[PDB]
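Data first, discussion second: the structure below is written as structure tokens.
Please treat every number below as a calculation from the coordinates, not as lab data. Virtual Cβ from ideal backbone geometry, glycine too; neighbours counted across all protein chains shown.
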Amino acid sequence: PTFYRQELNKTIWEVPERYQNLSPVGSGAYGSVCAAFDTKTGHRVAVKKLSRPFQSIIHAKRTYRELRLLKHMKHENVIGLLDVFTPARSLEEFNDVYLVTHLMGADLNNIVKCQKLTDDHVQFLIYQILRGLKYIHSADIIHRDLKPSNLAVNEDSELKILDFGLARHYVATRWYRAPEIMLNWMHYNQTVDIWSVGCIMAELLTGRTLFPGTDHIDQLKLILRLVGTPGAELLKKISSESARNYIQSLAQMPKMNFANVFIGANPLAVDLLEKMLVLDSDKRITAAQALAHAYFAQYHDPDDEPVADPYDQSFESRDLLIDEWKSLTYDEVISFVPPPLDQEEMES
Ligand SMILES: Nc1nccc(-c2c(-c3ccc(F)cc3)ncn2C2CCNCC2)n1
Ligand SMILES: N[C@]12C[C@H]3C[C@H](C[C@H](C3)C1)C2
Ligand SMILES: [Ca+2]
Ligand SMILES: [Ca+2]
Ligand SMILES: [Ca+2]
Ligand SMILES: [Ca+2]
């Protein structure tokens, strides 16, 4: 393919002539993104140029991790890959990676901000998050920082999870993070992401942020006002003695009845929130359990809530040299097989 160069976000992008009319639509994890027109299929796409993908061992492994993850993700509510390209003619020239997915014009903050959402619409939005989570969780992938700005939404409210499974080694909002993550507790499971869904769903229903804490301690106090003081068993999870002593010394608070917090909400929504917003991560509902909850009865379809193929994450434990990660990434670029344009069939 013939490539062309265009300065976007103050830097030169080099892309195949197939992709036209690039215009910036914001930053993503470790890269910046442009919307484009795919002249091969007439579809609108989003193209992410990774920033400094091989500058250090941290960047190089992050680049491999992201390409491996995105090549594996094949679910209608999870960002996946239509294409991956590099202007490099060989590994020796290889220093830039571009990832291509379907264009999603908005994030969840664009949906709720200026819109009084109906309950049926909230159901659809949360249903899609949970369907995507069941899939990624089934591959032993956790998001860990799920929030409205990590949920891409298109013009018809179709939603995809992105920026999951990233980070190993800019000020982000922590309002949606699971307490065990925000506070660095010693163990956690996939249901960290279900806490985040609870926080998102609460805000879609009320129009107000659930736990808008000014710092870690203020946020914890807001959380405890809703869910009540935890038992000594929860302290088991917290390494820092100072943190445990602080929590233990707080004046005891009762759990609130969520029916008195989400006044006027669908009682089924309140019940689901009660099951998601639990401090005990072993008591928190899973994504697959939540999809069966009566709140989603008009959307639930077991035939269309798939799990993922096994995902080999053995590379995560390995320390390799920059050029090894780079060569592995080049291999993944070259071996990528674009999916069919139409991968779906009418149901039954
Ligand atoms: N508009 C849009 N549409 C789809 C995805 C993205 C996208 C990607 C991304 C990931 C992989 C890929 F291959 C291509 C793009 N990373 C961050 N974003 C965000 C850019 C602005 N915030 C919401 C989405 N942006
Ligand atoms: N957002 C809220 C924070 C705190 C807990 C609960 C009820 C009140 C006090 C408002 C949610
Ligand atoms: Ca169906
Ligand atoms: Ca079809
Ligand atoms: Ca479609
Ligand atoms: Ca069916």
*Considering region 204-244 alone, what residues qualify as being under 14 Å from residue 174 (Cβ atoms) and either within 16 Å of ligand 5 (Cβ to nearest atom) or not in a helix (DSSP H, G or I) (or both)?*
209, 210, 211, 212, 213, 214, 215
*For residue 74, which of the numbered conditions (1) over 22 Å from residue 106 (Cα atoms); (2) surrounded by fewer than 20 Cβ atoms within 10 Å (Cβ to Cβ) fails to hold?*
(1)
*asked:* Within region 324-347, does at least one residue satisfy the condition of being assigned to a helix (DSSP H, G or I), within 16 Å of ligand 6 (Cβ to nearest atom) and under 27 Å from residue 287 (Cα atoms)?
replied: no
*What helices (runs of 4 or more DSSP H) lie completely within region 49-160 and have 2 or more residues being within 11 Å of ligand 1 (Cβ to nearest atom) and within 24 Å of residue 343 (Cβ to Cβ)?*
57-72
*Search result, residues across region 1-54 that are more than 15 Å from residue 100 (Cβ to Cβ) and either touching a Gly at 6+ places or on another chain (Cβ under 6 Å) or within 16 Å of ligand 4 (Cβ to nearest atom) (or both)*: 51
_Checking the conditions here, which among 307, 337 is more than 16 Å from ligand 5 (Cβ to nearest atom), among the hydrophobic types (A, V, I, L, M, F, W, C) and out of contact with any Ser or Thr (no Cβ under 7 Å at 6 or more places or on another chain)?_
337
*So residue 305, is it within 16 Å of ligand 3 (Cβ to nearest atom) and surrounded by 13 or more Cβ atoms within 10 Å (Cβ to Cβ)*: yes
*What number goes with the only condition from (1) within 16 Å of ligand 4 (Cβ to nearest atom); (2) buried (at least 18 other Cβ atoms within 10 Å of the Cβ) that residue 339 does not pass?*
(2)
*Taking region 6-59 on its own, how many of its residues are of a type in the set (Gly, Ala, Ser), more than 29 Å from residue 323 (Cβ to Cβ) and surrounded by fewer than 14 Cβ atoms within 10 Å (Cβ to Cβ)?*
3
*Looking only at region 256-272, decide whether some residue is polar (S, T, N, Q), more than 16 Å from ligand 4 (Cβ to nearest atom) and surrounded by 14 or more Cβ atoms within 10 Å (Cβ to Cβ).*
yes
_Taking the conditions exactly as written (surrounded by 15 or more Cβ atoms within 10 Å (Cβ to Cβ) and assigned to a loop (DSSP other than H, G, I, E, B)), does residue 247 satisfy them or not?_
no
*Out of region 67-83, which residues are of a type in the set (D, E, K, R) and closer than 12 Å to residue 328 by Cα?*
68
*Looking at (1) loosely packed, with under 15 Cβ neighbours inside 10 Å; (2) within 16 Å of ligand 5 (Cβ to nearest atom), can you tell me which one residue 321 breaks?*
(2)
*asked:* So in region 209-229, with the set limited to residues that are within 21 Å of the chain's Cα centre (by Cα) and surrounded by fewer than 17 Cβ atoms within 10 Å (Cβ to Cβ), which one is farthest from residue 249 (Cα to Cα)?
replied: 209
*Residue list for region 136-185, filter: within 10 Å of the chain's Cα centre (by Cα), surrounded by 19 or more Cβ atoms within 10 Å (Cβ to Cβ) and either closer than 16 Å to residue 212 by Cα or within 16 Å of ligand 3 (Cβ to nearest atom) (or both)*: 145, 146, 147, 148
